[PDB]
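Notes follow once the structure below has been shown.
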Amino acid sequence: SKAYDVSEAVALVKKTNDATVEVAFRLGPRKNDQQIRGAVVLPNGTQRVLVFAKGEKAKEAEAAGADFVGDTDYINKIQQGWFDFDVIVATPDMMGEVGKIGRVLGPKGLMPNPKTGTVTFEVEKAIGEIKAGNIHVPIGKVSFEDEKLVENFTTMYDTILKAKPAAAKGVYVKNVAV
Amino acid sequence: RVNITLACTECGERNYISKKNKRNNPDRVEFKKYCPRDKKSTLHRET
Amino acid sequence: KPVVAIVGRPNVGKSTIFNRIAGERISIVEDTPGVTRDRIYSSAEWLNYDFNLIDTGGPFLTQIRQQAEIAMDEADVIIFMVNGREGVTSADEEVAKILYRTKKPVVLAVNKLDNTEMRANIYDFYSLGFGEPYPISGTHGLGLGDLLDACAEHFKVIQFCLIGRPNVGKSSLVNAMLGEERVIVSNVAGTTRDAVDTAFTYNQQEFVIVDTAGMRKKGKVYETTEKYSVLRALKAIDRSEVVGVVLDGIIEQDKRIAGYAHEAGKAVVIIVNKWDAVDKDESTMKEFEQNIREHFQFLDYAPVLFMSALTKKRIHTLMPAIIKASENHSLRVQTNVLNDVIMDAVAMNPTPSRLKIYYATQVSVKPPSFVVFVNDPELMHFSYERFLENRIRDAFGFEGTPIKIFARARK
RNA sequence: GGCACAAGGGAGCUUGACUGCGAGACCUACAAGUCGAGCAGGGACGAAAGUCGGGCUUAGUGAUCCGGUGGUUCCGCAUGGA
RNA sequence: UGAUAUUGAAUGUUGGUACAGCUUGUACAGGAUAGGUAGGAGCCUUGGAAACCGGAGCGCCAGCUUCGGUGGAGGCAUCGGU
RNA sequence: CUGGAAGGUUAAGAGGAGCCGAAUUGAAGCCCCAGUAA
Ligand SMILES: Nc1nc2c(ncn2[C@@H]2O[C@H](COP(=O)(O)OP(=O)(O)NP(=O)(O)O)[C@@H](O)[C@H]2O)c(=O)[nH]1
Ligand SMILES: Nc1nc2c(ncn2[C@@H]2O[C@H](COP(=O)(O)OP(=O)(O)NP(=O)(O)O)[C@@H](O)[C@H]2O)c(=O)[nH]1
């Protein structure tokens with residue numbers, strides 16, 4: 001019945017366990033025009049990112065920490081197989097070509113789309129930062145200390161609010177479930 | 001006879017408008033001429 | 001022949017596309033509420049191929065959506081429009097749920113992309129798990145070639161109209177005629193929005209009925225271009241030759257509604273509805289019979305018919321009435337016989353400074369029309385013109401149709 | 001008003017049957033309105049130079065105040081955006 | 001010719017809101033045949049957990065959701081993918 | 001014009017088998033009841 005505080009819930013989701021502390025947030029479609037879906041680099045913070053870099057952009061992609069780049073087309077290797085691993089990003093030139101292949105990325109949630117900051121010319125800066133109207137966000141672990149998830153939820157809430165959606169009218173906040 | 005518009009393939013916009021007979025040519029024809037935007041001639045098809 | 005249908009959500013350029021395929025009958029505005037409210041048919045042409053087209057809609061929402069499901073099944077291939085600018089919405093999956101259980105072919109389309117730079121952002125549209133999206137634009141004719149082929153891949157008489165004022169029962173009238181649920185009926189005025197075609201055969205004879213959603217007062221039409229729908233009624237009148245008028249068992253606008261039809265040179269028939277509502281006993285019909293005769297005198301040839309949609313009485317007599325008006329509206333006469341009687345009229349009325357009559361002949365047969373060769377075109381009097389009119393309408397039938405009369409000079 | 005050097009026929013694909021653009025006839029009231037010089041960009045059997053079409057004018061009513069939809073290195077009333 | 005302030009007092013008839021608590025989504029899988037967000041970090045236990053027999057809602061008229069004492073520290077097994 | 005459903009038809013069809021049309025459904029209208037004559 002009682003709404004706890006932020007300084008209490010970080011110390012208490014220690015006790016709700018090495019598990020991962022995640023946050024749900026009910027948003028306030030009618031408002032799809034100014035919907036609230038997104039990604040931001042995190043403060044208090046293993047992935048396997050595979051890139052689709054084209055041209056010279058592969059040359060800076062092999063030194064940042066990526067596992068496999070490609071031989072400029074391995075979607076034929078993606079056809080009939082392809083246990084995908086963690087994250088797929090791309091570049092704004094071959095995205096259309098990969099896209100015209102079908103929904104091998106539709107119901108699997110890895111389709112490159114430049115609304116998320118994942119399809120850009122800065123592939124070296126993109127590898128290094130990734131490593132019904134609702135958003136899910138993993139802010140961290142159980143084993144993090146009490147001062148880590150406070151900055152993590154603060155950064156994510158300031159990101160949500162920094163993004164005060166248009167048609168701001170009416171309540172924006174409905175629920176925080178830590 | 002009916003009226004027909006031609007569409008660019010490379011550039012991708014309507015450029016030429018003309019007329020053809022349905023019966024004599026029941027299929028879609030490949031016309032080849034200039035697309036001004038491309039600064040270069042490209043194939044055209046009708047919609 | 002193959003039948004194609006388009007479904008979707010409010011604001012997806014559907015009616016717009018349908019119009020761009022062929023014609024502009026479909027009403028087009030910019031707002032959430034104003035959408036096509038029911039099925040409508042047409043014809044198309046794409047190579048040897050010649051399929052049709054079914055247009056659907058996005059208060060009362062259950063009915064139209066149900067009507068859309070009716071279309072859904074009896075269709076051959078499915079066109080599923082969706083917007084491109086704002087990505088994926090809740091309503092998209094909502095409709096996708098029924099599409100998944102709809103064991104029919106699906107071709108997806110993406111609108112609102114009218115420039116090359118906007119052609120992208122299609123990868124995101126891979127959720128449906130359907131085939132390849134093909135962009136299209138409404139303002140411009142972009143990307144339609146790929147779409148049509150996408151459809152062609154799976155691809156293998158008289159007309160009369162009914163008009164009136166809103167909230168009279170005109171929609172109930174039609175559906176009952178066919179005996180089929182075809183158009184939406186509601187107790188609120190102006191439920192229907194735009195004209196709907198319906199083709200059917202009666203007694204080895206095919207017919208085409210049309211609705212016009214009723215019309216309010218001419219000063220009463222101040223809305224978000226709902227005149228844009230009113231004009232569609234006007235075009236419909238031009239399309240067909242016979243008009244039936246429906247009054248509920250009299251207001252001057254009903255006379256004004258009959259105004260456009262009479263001047264149009266189109267046969268017009270008087271019909272009443274809801275006869276069950278009023279008292280129904282001996283000699284009741286006379287009161288209305290002379291009231292309409294007294295009110296309406298600039299028309300006389302219109303026969304009077306009685307029907308009640310709810311109880312479905314006398315509805316059979318309505319159709320035949322229409323056929324009789326037809327040939328009357330398309331009938332020529334022997335010029336010898338016509339001029340044979342013109343003089344008898346002048347013999348009995350030798351008081352036309354004096355007009356002279358020499359000749360009269362039928363020219364326009366589409367609508368009973370003729371021309372008289374007189375000495376002085378100015379010397380006439382409209383009453384005398386009204387005199388020669390009745391005489392001819394009494395020599396022969398010419399009933400249920402108007403007559404236009406012309407008077408050329410001697411020359 | 002043509003005598004084939006403008007009614008046959010492989011290829012040359014093919015409505016440049018185009019995007020830029022301009023000296024004279026007109027009617028000469030002009031506006032308007034029309035018809036035909038002259039030229040960069042490859043764009044052709046093309047090789048020597050031939051290309052803005054169905055070889056008499058005869059049309060898609062007036063093509064417009066017909067824009068309400070769209071690209072904007074143009075303005076934006078105190079400074080940013082709208 | 002319908003709304004709204006004068007316009008106040010109690011009966012029952014109901015509604016609409018919100019707030020809790022309980023319950024609901026059988027589907028082409030998975031001990032059957034369930035809506036948008038993590039592959040565990042098992043429960044011993046209990047109208048049966050094998051079989052075992054009530055109760056609706058029901059049923060997708062299939063066969064389930066738990067209120068759930070016999071066998072019962074036995075049981076399915078977090079666990080996999082018509 | 002008035003009821004009371006009986007007598008069937010169901011009506012173009014909606015549907016269609018063989019070969020244009022099976023079966024099978026299908027409002028009215030025909031008193032199929034008189035009173036009524038406006
Ligand atoms: N910018 C832009 N606007 C478009 C395009 N196509 C349609 N629209 C706009 O979208 C409006 C909605 O289209 P409309 O056909 O009226 O939709 P509707 O009649 O409600 N039927 P439905 O909602 O199912 O599509 C149009 O009035 C037009 O202004 C397009 O390609 N680009
Ligand atoms: N009692 C009675 N009611 C009728 C009759 N015909 C129609 N109605 C009712 O009168 C209302 C009018 O419905 P509707 O057919 O939409 O009339 P409309 O509005 O004039 N047609 P539209 O919707 O196209 O504008 C409905 O509630 C209908 O049930 C009739 O003969 N008798």
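In the structure tokens, chains take letters A, B, ... by order of appearance, with residues numbered from 1 within each chain and ligands from 1 in the order shown.
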Check which residues fall inside 10 Å of ligand 1 when counting only C-alpha atoms (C1' of nucleotides) and all ligand atoms, and print them as JSON, numbers by chain.
{"C": [6, 7, 8, 9, 10, 11, 12, 13, 14, 15, 16, 17, 18, 19, 20, 26, 27, 28, 29, 30, 31, 32, 33, 34, 35, 36, 37, 55, 56, 57, 58, 80, 81, 82, 83, 84, 85, 110, 111, 112, 113, 114, 115, 135, 136, 137, 138, 139, 140, 141, 142], "D": [68, 69, 70]}
Could you save those same residues with C-alpha atoms (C1' of nucleotides) as a PDB file, in the first residue's frame?
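See selection-v9.pdb below for the written result:
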```pdb
ATOM      1  CA  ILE C   6      -8.629  -2.062 -48.799  1.00  0.00           C
ATOM      2  CA  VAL C   7      -8.812  -1.872 -45.001  1.00  0.00           C
ATOM      3  CA  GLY C   8      -6.997   0.079 -42.320  1.00  0.00           C
ATOM      4  CA  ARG C   9      -7.239   2.794 -39.696  1.00  0.00           C
ATOM      5  CA  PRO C  10      -8.475   6.396 -39.699  1.00  0.00           C
ATOM      6  CA  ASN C  11      -6.140   8.719 -41.631  1.00  0.00           C
ATOM      7  CA  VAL C  12      -4.359   6.293 -43.951  1.00  0.00           C
ATOM      8  CA  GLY C  13      -5.093   7.665 -47.417  1.00  0.00           C
ATOM      9  CA  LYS C  14      -7.406   4.798 -48.306  1.00  0.00           C
ATOM     10  CA  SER C  15     -10.316   6.668 -49.840  1.00  0.00           C
ATOM     11  CA  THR C  16      -7.626   8.818 -51.418  1.00  0.00           C
ATOM     12  CA  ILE C  17      -5.876   5.898 -53.012  1.00  0.00           C
ATOM     13  CA  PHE C  18      -9.132   4.383 -54.143  1.00  0.00           C
ATOM     14  CA  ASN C  19      -9.959   7.649 -55.896  1.00  0.00           C
ATOM     15  CA  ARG C  20      -6.512   7.802 -57.482  1.00  0.00           C
ATOM     16  CA  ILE C  26     -15.019   8.884 -52.669  1.00  0.00           C
ATOM     17  CA  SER C  27     -15.180  11.799 -50.234  1.00  0.00           C
ATOM     18  CA  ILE C  28     -11.865  13.143 -48.957  1.00  0.00           C
ATOM     19  CA  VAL C  29     -11.288  15.443 -45.984  1.00  0.00           C
ATOM     20  CA  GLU C  30      -8.630  15.842 -43.288  1.00  0.00           C
ATOM     21  CA  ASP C  31      -9.756  14.750 -39.818  1.00  0.00           C
ATOM     22  CA  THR C  32     -10.091  11.651 -37.652  1.00  0.00           C
ATOM     23  CA  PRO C  33     -13.878  11.238 -37.786  1.00  0.00           C
ATOM     24  CA  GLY C  34     -14.676  11.794 -41.427  1.00  0.00           C
ATOM     25  CA  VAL C  35     -14.018   8.513 -43.210  1.00  0.00           C
ATOM     26  CA  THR C  36     -15.873   6.418 -45.736  1.00  0.00           C
ATOM     27  CA  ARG C  37     -18.557   4.703 -43.678  1.00  0.00           C
ATOM     28  CA  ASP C  55     -13.291   0.687 -50.038  1.00  0.00           C
ATOM     29  CA  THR C  56     -13.883   0.435 -46.289  1.00  0.00           C
ATOM     30  CA  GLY C  57     -13.632   2.578 -43.170  1.00  0.00           C
ATOM     31  CA  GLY C  58     -11.367   2.753 -40.160  1.00  0.00           C
ATOM     32  CA  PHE C  80      -3.595  -3.477 -46.072  1.00  0.00           C
ATOM     33  CA  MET C  81      -2.682   0.195 -45.968  1.00  0.00           C
ATOM     34  CA  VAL C  82      -0.606   1.753 -43.199  1.00  0.00           C
ATOM     35  CA  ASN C  83       1.126   5.066 -42.550  1.00  0.00           C
ATOM     36  CA  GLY C  84       4.867   5.450 -42.925  1.00  0.00           C
ATOM     37  CA  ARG C  85       5.637   8.761 -41.222  1.00  0.00           C
ATOM     38  CA  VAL C 110       3.072   2.288 -47.020  1.00  0.00           C
ATOM     39  CA  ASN C 111       1.788   5.816 -47.636  1.00  0.00           C
ATOM     40  CA  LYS C 112       2.884   9.395 -46.803  1.00  0.00           C
ATOM     41  CA  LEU C 113       6.261   9.034 -48.504  1.00  0.00           C
ATOM     42  CA  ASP C 114       6.244  11.578 -51.326  1.00  0.00           C
ATOM     43  CA  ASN C 115       9.982  12.237 -51.742  1.00  0.00           C
ATOM     44  CA  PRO C 135       5.856   2.557 -50.646  1.00  0.00           C
ATOM     45  CA  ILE C 136       3.124   4.669 -52.227  1.00  0.00           C
ATOM     46  CA  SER C 137       2.218   8.356 -52.099  1.00  0.00           C
ATOM     47  CA  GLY C 138      -1.184  10.011 -52.335  1.00  0.00           C
ATOM     48  CA  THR C 139      -0.310  13.545 -53.386  1.00  0.00           C
ATOM     49  CA  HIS C 140       1.975  12.089 -56.044  1.00  0.00           C
ATOM     50  CA  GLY C 141       1.626   8.906 -58.064  1.00  0.00           C
ATOM     51  CA  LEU C 142       4.688   7.237 -56.597  1.00  0.00           C
TER      52      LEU C 142
ATOM     53  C1'   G D  68      -5.840  23.885 -49.575  1.00  0.00           C
ATOM     54  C1'   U D  69      -0.831  18.782 -50.551  1.00  0.00           C
ATOM     55  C1'   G D  70       4.753  19.279 -50.941  1.00  0.00           C
TER      56        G D  70
END
```
Which residues are near ligand 2 in this structure, taking near to mean any atom at most 7 Å from a ligand atom and counting only C-alpha atoms (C1' of nucleotides) and all ligand atoms? Format them as a ChimeraX atom specification.
/C:165-173,184-192,211-214,273-277,308-311
Using only C-alpha atoms (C1' of nucleotides), which residues sit within 10 Å of residue B:27 once same-chain residues fewer than 4 positions away are excluded, as a list in words?
residues 22 and 23 of chain B; 46, 47 and 48 of chain C
Distance atom CA of residue A:114-atom CA of residue C:117, one decimal place?
13.3 Å
List every residue of stretch 112-350 of chain C that DSSP, applied to the backbone of this structure, places in helix (DSSP H, G or I), and write the result as a ChimeraX atom specification.
/C:116-119,144-154,170-178,227-239,252-263,284-295,315-329,335-348
Sort by chain and increasing residue number a table of all residues of chain E within 9 Å of chain A, each with its closest pair of atoms and their distance in Å to one decimal, counting only C-alpha atoms (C1' of nucleotides), and write it as JSON lines.
```
{"residue": "E:36", "atom": "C1'", "partner": "A:132", "partner_atom": "CA", "distance": 6.2}
{"residue": "E:37", "atom": "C1'", "partner": "A:136", "partner_atom": "CA", "distance": 6.8}
{"residue": "E:38", "atom": "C1'", "partner": "A:20", "partner_atom": "CA", "distance": 8.7}
{"residue": "E:41", "atom": "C1'", "partner": "A:18", "partner_atom": "CA", "distance": 8.2}
```
Please determine the contact residues of chain B with respect to chain D at a cut-off of 9 Å, counting only C-alpha atoms (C1' of nucleotides), and supply them as a PDB file with C-alpha atoms, in the first residue's frame.
```
ATOM      1  CA  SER B  18       1.637  10.465 -73.443  1.00  0.00           C
ATOM      2  CA  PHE B  31      10.969   3.587 -72.919  1.00  0.00           C
ATOM      3  CA  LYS B  32      14.448   5.070 -72.658  1.00  0.00           C
ATOM      4  CA  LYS B  33      15.049   8.813 -72.452  1.00  0.00           C
ATOM      5  CA  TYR B  34      16.401  11.643 -70.321  1.00  0.00           C
ATOM      6  CA  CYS B  35      15.777  12.146 -66.610  1.00  0.00           C
ATOM      7  CA  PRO B  36      16.695  15.804 -66.003  1.00  0.00           C
ATOM      8  CA  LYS B  39      21.784  14.793 -65.385  1.00  0.00           C
ATOM      9  CA  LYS B  40      21.847  11.465 -67.216  1.00  0.00           C
ATOM     10  CA  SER B  41      19.397   9.468 -69.415  1.00  0.00           C
TER      11      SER B  41
END
```
List the neighbours of residue C:372 out to 10 Å using only C-alpha atoms (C1' of nucleotides); skip same-chain residues closer than 3 positions along the sequence, and give me the result as a ChimeraX atom specification.
/C:339,342,357-362,375,377,405-410
Could you tell me, as a ChimeraX atom specification, which residues of chain B DSSP assigns to strand (DSSP E or B) when given the backbone?
/B:2-8,14-20,31-33,42-46
Selection file, C-alpha atoms, as a PDB file, in the first residue's frame:
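For reference, selection-v7.pdb as written:
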```
ATOM      1  CA  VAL B   2      -5.846   6.052 -73.143  1.00  0.00           C
ATOM      2  CA  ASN B   3      -3.505   8.526 -71.480  1.00  0.00           C
ATOM      3  CA  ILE B   4      -0.283   7.304 -69.874  1.00  0.00           C
ATOM      4  CA  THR B   5       2.443   8.748 -67.661  1.00  0.00           C
ATOM      5  CA  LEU B   6       6.022   7.543 -67.652  1.00  0.00           C
ATOM      6  CA  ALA B   7       8.032   7.089 -64.471  1.00  0.00           C
ATOM      7  CA  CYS B   8      11.775   7.245 -63.950  1.00  0.00           C
ATOM      8  CA  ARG B  14       7.012  11.174 -63.421  1.00  0.00           C
ATOM      9  CA  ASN B  15       8.710  12.851 -66.375  1.00  0.00           C
ATOM     10  CA  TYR B  16       6.801  12.136 -69.554  1.00  0.00           C
ATOM     11  CA  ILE B  17       3.097  11.932 -70.266  1.00  0.00           C
ATOM     12  CA  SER B  18       1.637  10.465 -73.443  1.00  0.00           C
ATOM     13  CA  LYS B  19      -0.958   8.115 -74.928  1.00  0.00           C
ATOM     14  CA  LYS B  20      -1.093   4.506 -76.080  1.00  0.00           C
ATOM     15  CA  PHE B  31      10.969   3.587 -72.919  1.00  0.00           C
ATOM     16  CA  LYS B  32      14.448   5.070 -72.658  1.00  0.00           C
ATOM     17  CA  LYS B  33      15.049   8.813 -72.452  1.00  0.00           C
ATOM     18  CA  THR B  42      17.674   6.589 -67.604  1.00  0.00           C
ATOM     19  CA  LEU B  43      15.137   3.873 -68.330  1.00  0.00           C
ATOM     20  CA  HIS B  44      11.458   4.698 -67.894  1.00  0.00           C
ATOM     21  CA  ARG B  45       8.360   2.645 -67.128  1.00  0.00           C
ATOM     22  CA  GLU B  46       4.738   3.552 -66.842  1.00  0.00           C
TER      23      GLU B  46
END
```
Find the residues near residue C:87: any atom within 12 Å, counting only C-alpha atoms (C1' of nucleotides), skip ones fewer than 2 places away on the same chain, and give them as an NGL selection string.
(:A and (29 or 32-35 or 113 or 115)) or (:C and (82-85 or 89-93 or 110-113 or 120-127))
Got a sec to pull out which chain F residues are within 10 Å of chain C, counting only C-alpha atoms (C1' of nucleotides), and send them as a PyMOL selection string?
chain F and resi 1-2+11-13+27-29+36+38
Give me the residues of chain A that have any atom at most 12 Å from an atom of chain C; for each, the nearest atom pair and the distance in Å, rounded to one decimal. Use only C-alpha atoms, sort by chain and number, and format it as CSV.
```
residue,atom,partner,partner_atom,distance
A:29,CA,C:90,CA,5.8
A:30,CA,C:89,CA,9.4
A:31,CA,C:89,CA,9.9
A:32,CA,C:89,CA,6.8
A:33,CA,C:86,CA,6.8
A:34,CA,C:86,CA,9.6
A:35,CA,C:86,CA,9.8
A:90,CA,C:123,CA,11.8
A:92,CA,C:120,CA,9.9
A:93,CA,C:120,CA,10.6
A:94,CA,C:123,CA,11.3
A:95,CA,C:123,CA,7.9
A:96,CA,C:120,CA,7.0
A:97,CA,C:123,CA,9.4
A:98,CA,C:123,CA,8.2
A:99,CA,C:123,CA,4.7
A:100,CA,C:132,CA,6.9
A:101,CA,C:132,CA,8.1
A:102,CA,C:132,CA,6.5
A:103,CA,C:126,CA,5.1
A:104,CA,C:126,CA,8.5
A:105,CA,C:126,CA,7.3
A:106,CA,C:127,CA,4.5
A:107,CA,C:127,CA,5.8
A:108,CA,C:127,CA,9.0
A:109,CA,C:127,CA,8.9
A:110,CA,C:124,CA,9.7
A:111,CA,C:124,CA,6.6
A:112,CA,C:123,CA,7.1
A:113,CA,C:124,CA,6.2
A:114,CA,C:121,CA,7.8
A:115,CA,C:121,CA,8.8
A:116,CA,C:124,CA,11.2
A:119,CA,C:121,CA,11.3
A:132,CA,C:90,CA,6.6
A:133,CA,C:90,CA,8.8
A:134,CA,C:90,CA,11.9
```
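Between atom CA of residue A:28 and atom CA of residue C:97 the separation is 24.6 Å.
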